[PDB]
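What's in work.tsv: TSV, C-alpha atoms and all ligand atoms
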```tsv
chain	number	residue	atom	x	y	z
A	1	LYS	CA	22.15	25.76	3.29
A	2	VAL	CA	22.15	22.17	2.07
A	3	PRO	CA	20.82	21.43	-1.47
A	4	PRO	CA	18.45	18.40	-1.94
A	5	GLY	CA	19.51	15.19	-3.70
A	6	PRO	CA	18.05	15.10	-6.58
A	7	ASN	CA	14.99	13.46	-6.43
A	8	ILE	CA	14.21	9.81	-6.87
A	9	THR	CA	12.44	8.22	-9.79
A	10	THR	CA	10.87	4.87	-10.45
A	11	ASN	CA	14.29	3.73	-11.63
A	12	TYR	CA	14.79	0.66	-9.41
A	13	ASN	CA	18.62	0.39	-9.60
A	14	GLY	CA	19.00	-1.77	-6.49
A	15	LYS	CA	22.00	0.08	-5.09
A	16	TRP	CA	22.52	2.06	-1.92
A	17	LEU	CA	22.57	5.80	-1.47
A	18	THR	CA	23.65	7.81	1.56
A	19	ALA	CA	21.27	9.85	3.70
A	20	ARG	CA	20.88	11.13	7.25
A	21	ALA	CA	18.13	9.68	9.38
A	22	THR	CA	16.42	10.80	12.56
A	23	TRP	CA	13.11	10.03	14.17
A	24	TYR	CA	10.21	11.98	15.57
A	25	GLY	CA	7.10	11.38	17.66
A	26	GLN	CA	6.85	8.64	20.27
A	27	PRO	CA	9.71	6.09	20.52
A	28	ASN	CA	7.38	3.17	19.76
A	29	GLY	CA	4.93	5.15	17.71
A	30	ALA	CA	4.42	5.67	14.00
A	31	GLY	CA	5.83	9.20	13.84
A	32	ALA	CA	2.86	11.59	13.85
A	33	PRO	CA	1.32	11.82	17.35
A	34	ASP	CA	-2.05	11.36	15.61
A	35	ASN	CA	-0.71	8.44	13.56
A	36	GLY	CA	-1.34	10.20	10.27
A	37	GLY	CA	0.70	12.63	8.22
A	38	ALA	CA	1.24	15.00	5.35
A	39	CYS	CA	-0.04	12.31	2.97
A	40	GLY	CA	-3.41	12.06	4.62
A	41	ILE	CA	-3.37	8.32	5.17
A	42	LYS	CA	-4.42	7.52	8.71
A	43	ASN	CA	-3.70	4.68	11.15
A	44	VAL	CA	-0.14	4.29	9.90
A	45	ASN	CA	0.51	2.51	13.18
A	46	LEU	CA	-1.83	-0.41	12.40
A	47	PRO	CA	-1.12	-3.01	9.70
A	48	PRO	CA	-0.08	-3.14	6.97
A	49	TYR	CA	2.09	-0.07	7.54
A	50	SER	CA	2.35	-1.14	11.18
A	51	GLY	CA	4.43	1.82	12.28
A	52	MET	CA	7.12	1.31	9.68
A	53	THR	CA	6.57	4.93	8.56
A	54	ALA	CA	8.89	7.74	7.56
A	55	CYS	CA	9.48	11.27	6.32
A	56	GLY	CA	11.66	12.48	3.53
A	57	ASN	CA	12.51	15.82	1.97
A	58	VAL	CA	11.63	17.11	-1.52
A	59	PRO	CA	13.50	14.27	-3.31
A	60	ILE	CA	11.81	11.48	-1.42
A	61	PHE	CA	8.50	13.17	-0.58
A	62	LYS	CA	8.02	15.16	-3.82
A	63	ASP	CA	5.25	17.55	-2.70
A	64	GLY	CA	2.99	14.57	-2.11
A	65	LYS	CA	3.69	12.53	-5.21
A	66	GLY	CA	6.00	10.24	-3.28
A	67	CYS	CA	3.21	9.26	-0.92
A	68	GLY	CA	3.04	5.49	-1.01
A	69	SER	CA	6.64	4.86	-2.06
A	70	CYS	CA	8.64	2.23	-0.27
A	71	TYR	CA	12.28	2.51	0.50
A	72	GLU	CA	14.66	0.18	2.24
A	73	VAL	CA	17.04	1.66	4.73
A	74	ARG	CA	19.80	0.00	6.73
A	75	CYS	CA	22.41	1.04	9.23
A	76	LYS	CA	26.03	-0.02	9.36
A	77	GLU	CA	27.82	2.97	10.86
A	78	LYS	CA	27.28	2.87	14.59
A	79	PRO	CA	27.15	-0.45	16.53
A	80	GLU	CA	23.91	-2.07	17.67
A	81	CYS	CA	23.01	-1.80	14.00
A	82	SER	CA	21.25	-4.88	12.73
A	83	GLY	CA	23.14	-4.30	9.50
A	84	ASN	CA	19.96	-5.54	7.85
A	85	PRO	CA	17.52	-3.17	6.10
A	86	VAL	CA	13.96	-2.32	7.09
A	87	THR	CA	11.21	-1.55	4.60
A	88	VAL	CA	9.73	1.89	5.23
A	89	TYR	CA	6.67	3.62	3.75
A	90	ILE	CA	6.54	7.33	3.00
A	91	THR	CA	3.43	8.73	4.61
A	92	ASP	CA	4.73	12.03	5.83
A	93	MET	CA	7.18	14.85	5.19
A	94	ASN	CA	9.96	17.05	6.52
A	95	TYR	CA	11.72	19.63	4.35
A	96	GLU	CA	14.37	20.86	6.78
A	97	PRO	CA	17.52	21.43	4.74
A	98	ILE	CA	19.72	19.45	7.17
A	99	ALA	CA	21.08	17.15	4.46
A	100	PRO	CA	20.81	16.25	0.74
A	101	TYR	CA	18.57	13.25	1.46
A	102	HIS	CA	16.77	13.06	4.79
A	103	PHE	CA	14.63	10.36	6.38
A	104	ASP	CA	12.73	11.05	9.57
A	105	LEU	CA	11.72	7.63	10.76
A	106	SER	CA	9.16	6.63	13.33
A	107	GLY	CA	10.46	5.35	16.66
A	108	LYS	CA	9.46	1.83	15.66
A	109	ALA	CA	11.23	2.01	12.29
A	110	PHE	CA	14.29	3.86	13.54
A	111	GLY	CA	14.62	1.20	16.21
A	112	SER	CA	14.25	-1.67	13.75
A	113	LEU	CA	17.59	-0.73	12.28
A	114	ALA	CA	19.10	-2.29	15.41
A	115	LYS	CA	20.35	-5.72	16.40
A	116	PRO	CA	17.67	-7.49	18.51
A	117	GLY	CA	17.28	-5.95	21.97
A	118	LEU	CA	19.22	-2.79	21.15
A	119	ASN	CA	16.27	-0.71	19.93
A	120	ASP	CA	15.68	1.97	22.58
A	121	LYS	CA	19.44	2.05	22.88
A	122	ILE	CA	19.96	3.04	19.25
A	123	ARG	CA	17.02	5.47	19.38
A	124	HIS	CA	19.16	7.70	21.55
A	125	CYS	CA	21.64	8.80	18.95
A	126	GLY	CA	18.87	10.79	17.36
A	127	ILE	CA	20.71	11.43	14.12
A	128	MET	CA	22.90	9.02	12.14
A	129	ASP	CA	24.03	8.23	8.61
A	130	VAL	CA	21.99	5.45	7.02
A	131	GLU	CA	21.85	3.79	3.59
A	132	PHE	CA	18.86	3.34	1.32
A	133	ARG	CA	17.35	2.60	-2.05
A	134	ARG	CA	13.77	2.71	-3.28
A	135	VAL	CA	12.01	-0.61	-3.92
A	136	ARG	CA	8.75	-1.84	-5.35
A	137	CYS	CA	6.11	-2.18	-2.63
A	138	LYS	CA	4.71	-5.50	-1.53
A	139	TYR	CA	1.56	-5.90	0.57
A	140	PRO	CA	-0.12	-9.03	1.91
A	141	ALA	CA	-1.45	-11.18	-0.93
A	142	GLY	CA	-4.91	-10.52	-2.21
A	143	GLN	CA	-4.71	-7.01	-0.75
A	144	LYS	CA	-6.02	-4.74	-3.50
A	145	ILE	CA	-6.17	-0.94	-3.76
A	146	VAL	CA	-8.51	0.92	-1.43
A	147	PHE	CA	-10.33	4.23	-1.93
A	148	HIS	CA	-11.50	6.23	1.09
A	149	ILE	CA	-14.01	9.09	0.85
A	150	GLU	CA	-13.08	12.21	2.84
A	151	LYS	CA	-15.18	14.65	4.92
A	152	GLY	CA	-17.08	16.96	2.57
A	153	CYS	CA	-18.68	20.42	2.45
A	154	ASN	CA	-20.37	22.31	-0.40
A	155	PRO	CA	-22.81	19.92	-2.17
A	156	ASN	CA	-20.58	17.11	-3.42
A	157	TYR	CA	-17.06	18.29	-4.17
A	158	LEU	CA	-15.82	14.78	-3.31
A	159	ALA	CA	-12.14	13.99	-2.64
A	160	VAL	CA	-10.74	10.46	-2.59
A	161	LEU	CA	-7.78	9.09	-0.71
A	162	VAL	CA	-5.98	6.10	-2.24
A	163	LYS	CA	-4.05	3.67	-0.07
A	164	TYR	CA	-2.19	0.39	-0.47
A	165	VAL	CA	-0.73	0.90	-3.90
A	166	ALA	CA	1.83	-1.79	-4.55
A	167	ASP	CA	4.95	-1.47	-6.66
A	168	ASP	CA	5.42	2.16	-7.49
A	169	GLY	CA	3.50	2.92	-4.35
A	170	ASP	CA	2.80	6.52	-5.30
A	171	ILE	CA	0.11	8.06	-7.48
A	172	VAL	CA	0.47	11.03	-9.82
A	173	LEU	CA	-2.99	11.33	-11.33
A	174	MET	CA	-6.51	10.15	-10.67
A	175	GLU	CA	-9.57	10.62	-12.90
A	176	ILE	CA	-13.18	9.60	-13.36
A	177	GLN	CA	-16.12	9.07	-15.72
A	178	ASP	CA	-19.72	8.50	-14.65
A	179	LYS	CA	-22.35	6.36	-16.37
A	180	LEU	CA	-22.34	7.95	-19.83
A	181	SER	CA	-20.10	10.68	-21.23
A	182	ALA	CA	-16.85	8.74	-20.80
A	183	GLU	CA	-13.47	10.39	-21.48
A	184	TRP	CA	-11.83	10.28	-18.06
A	185	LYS	CA	-11.82	13.72	-16.49
A	186	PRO	CA	-8.72	14.40	-14.34
A	187	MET	CA	-8.78	15.24	-10.64
A	188	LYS	CA	-7.29	17.87	-8.36
A	189	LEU	CA	-4.46	16.83	-6.11
A	190	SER	CA	-5.89	18.52	-3.02
A	191	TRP	CA	-2.91	17.27	-1.02
A	192	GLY	CA	-0.84	14.14	-0.41
A	193	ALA	CA	-2.88	11.16	-1.57
A	194	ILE	CA	-6.10	13.18	-1.46
A	195	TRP	CA	-7.63	13.93	-4.84
A	196	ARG	CA	-10.46	16.38	-5.42
A	197	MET	CA	-13.31	16.63	-7.91
A	198	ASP	CA	-14.73	20.19	-7.75
A	199	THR	CA	-17.80	19.66	-9.91
A	200	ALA	CA	-20.12	16.75	-9.08
A	201	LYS	CA	-23.59	17.75	-10.26
A	202	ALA	CA	-23.36	15.95	-13.63
A	203	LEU	CA	-20.99	13.18	-12.57
A	204	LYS	CA	-23.63	10.72	-11.35
A	205	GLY	CA	-23.89	6.93	-11.27
A	206	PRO	CA	-21.25	4.29	-10.32
A	207	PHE	CA	-17.96	6.00	-11.10
A	208	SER	CA	-14.83	4.46	-12.54
A	209	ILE	CA	-11.42	5.61	-11.35
A	210	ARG	CA	-8.10	5.41	-13.12
A	211	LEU	CA	-4.81	5.71	-11.22
A	212	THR	CA	-1.42	6.38	-12.77
A	213	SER	CA	1.69	5.33	-10.89
A	214	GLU	CA	4.80	7.47	-10.95
A	215	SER	CA	5.89	5.17	-13.80
A	216	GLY	CA	2.97	5.69	-16.08
A	217	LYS	CA	1.39	2.36	-15.36
A	218	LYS	CA	-2.39	2.66	-14.99
A	219	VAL	CA	-5.37	0.74	-13.69
A	220	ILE	CA	-9.14	0.97	-13.73
A	221	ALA	CA	-11.66	0.30	-10.98
A	222	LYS	CA	-15.18	0.34	-12.45
A	223	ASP	CA	-17.56	0.89	-9.54
A	224	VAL	CA	-15.88	1.25	-6.14
A	225	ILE	CA	-18.25	4.22	-5.92
A	226	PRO	CA	-21.96	3.24	-6.04
A	227	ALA	CA	-23.75	6.60	-5.78
A	228	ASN	CA	-25.10	6.12	-2.28
A	229	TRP	CA	-21.52	6.88	-1.33
A	230	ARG	CA	-21.15	8.75	1.95
A	231	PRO	CA	-18.07	10.55	3.28
A	232	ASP	CA	-15.82	8.32	5.37
A	233	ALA	CA	-17.30	5.32	3.54
A	234	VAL	CA	-14.61	2.85	2.44
A	235	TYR	CA	-14.50	0.96	-0.86
A	236	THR	CA	-12.17	-1.88	-1.77
A	237	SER	CA	-11.33	-2.66	-5.40
A	238	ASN	CA	-10.20	-5.71	-7.34
A	239	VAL	CA	-7.23	-4.05	-9.01
A	240	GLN	CA	-3.61	-3.58	-7.99
A	241	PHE	CA	-0.09	-2.95	-9.29
A	242	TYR	CA	2.08	-5.98	-9.93
A	301	LIG	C1	12.11	17.14	-7.43
A	301	LIG	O1	10.80	16.93	-6.92
A	301	LIG	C2	10.12	18.18	-6.69
A	301	LIG	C3	8.80	17.86	-5.99
A	301	LIG	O2	7.69	18.09	-6.88
A	301	LIG	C4	9.91	18.94	-8.00
A	301	LIG	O3	9.68	20.32	-7.68
A	301	LIG	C5	8.40	20.79	-7.80
A	301	LIG	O4	8.09	20.76	-9.20
A	301	LIG	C6	6.81	21.32	-9.50
A	301	LIG	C7	6.58	21.10	-10.99
A	301	LIG	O5	5.27	20.62	-11.24
A	301	LIG	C8	6.83	22.80	-9.15
A	301	LIG	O6	5.61	23.42	-9.63
A	301	LIG	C9	4.77	24.08	-8.77
A	301	LIG	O7	5.24	25.43	-8.65
A	301	LIG	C10	5.14	26.17	-9.88
A	301	LIG	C11	5.79	27.52	-9.65
A	301	LIG	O8	4.83	28.44	-9.18
A	301	LIG	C12	5.15	29.95	-8.97
A	301	LIG	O9	3.93	30.57	-8.56
A	301	LIG	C13	3.12	29.70	-7.75
A	301	LIG	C14	1.76	30.34	-7.61
A	301	LIG	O10	0.74	29.35	-7.50
A	301	LIG	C15	3.82	29.46	-6.41
A	301	LIG	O11	3.02	28.61	-5.59
A	301	LIG	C16	5.18	28.79	-6.65
A	301	LIG	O12	5.92	28.82	-5.43
A	301	LIG	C17	6.00	29.48	-7.76
A	301	LIG	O13	6.72	30.57	-7.23
A	301	LIG	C18	3.67	26.34	-10.25
A	301	LIG	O14	3.54	27.15	-11.41
A	301	LIG	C19	3.07	24.96	-10.51
A	301	LIG	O15	1.64	25.10	-10.74
A	301	LIG	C20	1.27	25.39	-12.07
A	301	LIG	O16	1.78	24.44	-13.00
A	301	LIG	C21	1.22	23.11	-12.86
A	301	LIG	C22	1.95	22.22	-13.82
A	301	LIG	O17	3.36	22.30	-13.61
A	301	LIG	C23	-0.29	23.17	-13.07
A	301	LIG	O18	-0.85	21.87	-12.95
A	301	LIG	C24	-0.88	24.10	-12.01
A	301	LIG	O19	-2.29	24.21	-12.17
A	301	LIG	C25	-0.25	25.47	-12.19
A	301	LIG	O20	-0.58	25.91	-13.50
A	301	LIG	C26	3.33	24.01	-9.33
A	301	LIG	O21	2.38	24.22	-8.27
A	301	LIG	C27	2.04	22.97	-7.65
A	301	LIG	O22	2.01	23.09	-6.19
A	301	LIG	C28	0.71	22.95	-5.51
A	301	LIG	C29	-0.11	21.77	-6.10
A	301	LIG	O23	-1.35	21.70	-5.38
A	301	LIG	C30	-0.42	22.20	-7.55
A	301	LIG	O24	-1.22	21.18	-8.24
A	301	LIG	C31	0.88	22.27	-8.34
A	301	LIG	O25	0.48	23.04	-9.49
A	301	LIG	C32	7.05	22.97	-7.63
A	301	LIG	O26	7.19	24.35	-7.30
A	301	LIG	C33	8.35	22.22	-7.22
A	301	LIG	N1	8.43	22.11	-5.78
A	301	LIG	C34	9.47	22.58	-5.10
A	301	LIG	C35	10.86	22.42	-5.70
A	301	LIG	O27	9.35	23.12	-4.01
A	301	LIG	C36	11.07	18.87	-8.99
A	301	LIG	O28	10.50	18.89	-10.30
A	301	LIG	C37	11.18	20.49	-10.33
A	301	LIG	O29	10.08	20.92	-11.18
A	301	LIG	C38	10.48	21.89	-12.20
A	301	LIG	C39	9.30	22.11	-13.18
A	301	LIG	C40	10.98	23.20	-11.50
A	301	LIG	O30	9.91	23.76	-10.71
A	301	LIG	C41	12.16	22.80	-10.54
A	301	LIG	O31	12.65	23.96	-9.87
A	301	LIG	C42	11.69	21.70	-9.52
A	301	LIG	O32	12.77	21.34	-8.65
A	301	LIG	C43	11.99	17.64	-8.87
A	301	LIG	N2	13.31	17.99	-9.35
A	301	LIG	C44	13.51	18.16	-10.65
A	301	LIG	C45	14.56	19.17	-11.05
A	301	LIG	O33	12.88	17.54	-11.52
```

Could you render the structure from this file as structure tokens?
Ligand SMILES: *[C@@H]1O[C@H](CO)[C@@H](O[C@@H]2O[C@H](CO)[C@@H](O[C@H]3O[C@H](CO[C@H]4O[C@H](CO)[C@@H](O)[C@H](O)[C@@H]4O)[C@@H](O)[C@H](O[C@H]4O[C@H](CO)[C@@H](O)[C@H](O)[C@@H]4O)[C@@H]3O[C@H]3OC[C@@H](O)[C@H](O)[C@H]3O)[C@H](O)[C@H]2NC(C)=O)[C@H](O[C@H]2O[C@@H](C)[C@@H](O)[C@@H](O)[C@@H]2O)[C@H]1NC(C)=O
Amino acid sequence: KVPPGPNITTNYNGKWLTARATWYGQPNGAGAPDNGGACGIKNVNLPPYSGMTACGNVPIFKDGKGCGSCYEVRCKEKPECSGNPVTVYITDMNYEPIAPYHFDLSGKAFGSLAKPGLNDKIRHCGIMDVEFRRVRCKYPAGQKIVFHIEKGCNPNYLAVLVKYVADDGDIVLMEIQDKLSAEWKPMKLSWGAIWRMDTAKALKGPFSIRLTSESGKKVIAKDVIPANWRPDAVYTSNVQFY
């Protein structure tokens, strides 16, 4: 049995750590056959993620609190290795105790670690020792944080997904407050980047949401939730982590 890392914090100490990488799914896909993952963010194949997805064990993944993080991995062991790093997003998980730190890259990502034209070649080594370090996350400019409403059930129990969180990348607490009776009530971490609000009878009127990065940093989106909100509906805010 192989014991996990630790466990990576928001301590951005720009230096490389060892880890074993492998890939899963299609060779030119974004990992999950459905292009989604343990985090609950979907379309990880399309931009911005654009298939540069990956999986990590407890240390990296952190039971869903690492969802959003960005890491930089590079290969310099076996040939055909670009030598240069690729910026990966953590949108899924894999807890197999095969090594202290483990990354399970997409075919796209795993390939990107290779010198131009050697992709598919390098993808057939399956497992190799890579090097990495977490990094703040950068998205296209102007790209703010987006909240997606999930498929409901019992009369309004909500559940919001949060994507495109720059810098820390990952969330560790969400909370609300409707029009009147402010005080920011927490939220349940249903799973991954999905947060749940059991009660919803009282909570009425454009809601404000406060996110707290792994670091403690916080932000506030006033509306982003009218009232005529319907599951699947998507809201974009004017707030982000710098
Ligand atoms: C490396 O990162 C990992 C990834 O998170 C860290 O390890 C996780 O740390 C969590 C600490 O919050 C642990 O807590 C969960 O498990 C607790 C133990 O529960 C016993 O009974 C429950 C029954 O429900 C079983 O499931 C468990 O298996 C266990 O046998 C559990 O009590 C706790 O929930 C309770 O406390 C929280 C506040 O801590 C509270 O909000 C809850 O309402 C409840 O009162 C918690 O359960 C969670 O899982 C499901 C989520 O939906 C819930 O919201 C959440 O409560 C995790 O077990 C643990 N994960 C692993 C290692 O598999 C780790 O921080 C470490 O954390 C410390 C506290 C200790 O658990 C270490 O062993 C653990 O490695 C980090 N490394 C380190 C060392 O920092």

Non-local contacts of segment 63-70 of chain A (10 Å; all atoms listed in the file; under 5 positions in same chain excluded) as a ChimeraX atom specification
/A:8-10,38-41,53-58,87-93,95,133-138,162-173,189-194,213-214

Using only C-alpha atoms, find the one residue out of A:187, A:174, A:239, A:146 that sits nearest to residue 216 of chain A.
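Of the candidates, the smallest distance to residue 216 of chain A is held by A:174.
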
Of the residues A:118, A:44, A:153, A:19, which is the one nearest to residue 60 of chain A, using all atoms listed in the file?
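Among the listed residues, the smallest separation from residue 60 of chain A belongs to A:19.
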
Tell me, in Å to one decimal, how far atom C6 of ligand LIG 301 (chain A) is from atom CA of residue 71 of chain A.
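One can read the atom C6 of ligand LIG 301 (chain A) to atom CA of residue 71 of chain A distance as 22.0 Å.
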
Just to confirm, what's the straight-line distance from atom CA of residue 160 of chain A to atom CA of residue 225 of chain A in Å (one decimal)?
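Distance reported for this atom pair: 10.3 Å.
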
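Among the candidate residues A:145, A:99, A:105, A:203, the one lying nearest to residue 24 of chain A is A:105, with distances computed using all atoms listed in the file.
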
For each of A:157, A:61, A:110, A:195, take the minimum atom-to-atom distance to residue 130 of chain A, counting all atoms listed in the file, then give the residue where this is smallest.
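Answer, going by the shortest atom-to-atom distance: A:110.
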
Rank nothing, just name the residue among A:211, A:186, A:85, A:221 nearest to ligand LIG 301 (chain A), using all atoms listed in the file.
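Distance minimum relative to ligand LIG 301 (chain A) lands on A:186.
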
Can you sort out the box for segment 172-181 of chain A, edges along x, y and z, all listed atoms in, 4 Å on every side, with centre and edge lengths in Å to one decimal, as AutoDock Vina command-line options?
```
--center_x -10.9 --center_y 8.8 --center_z -15.5 --size_x 30.8 --size_y 13.0 --size_z 19.4
```

Could you tell me how far atom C22 of ligand LIG 301 (chain A) sits from atom CA of residue 152 of chain A, in Å to one decimal place?
25.7 Å

Between A:143, A:126, A:77, A:181, which has the minimum distance to residue 238 of chain A (counting only C-alpha atoms)?
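Nearest candidate to residue 238 of chain A out of A:143, A:126, A:77, A:181: A:143.
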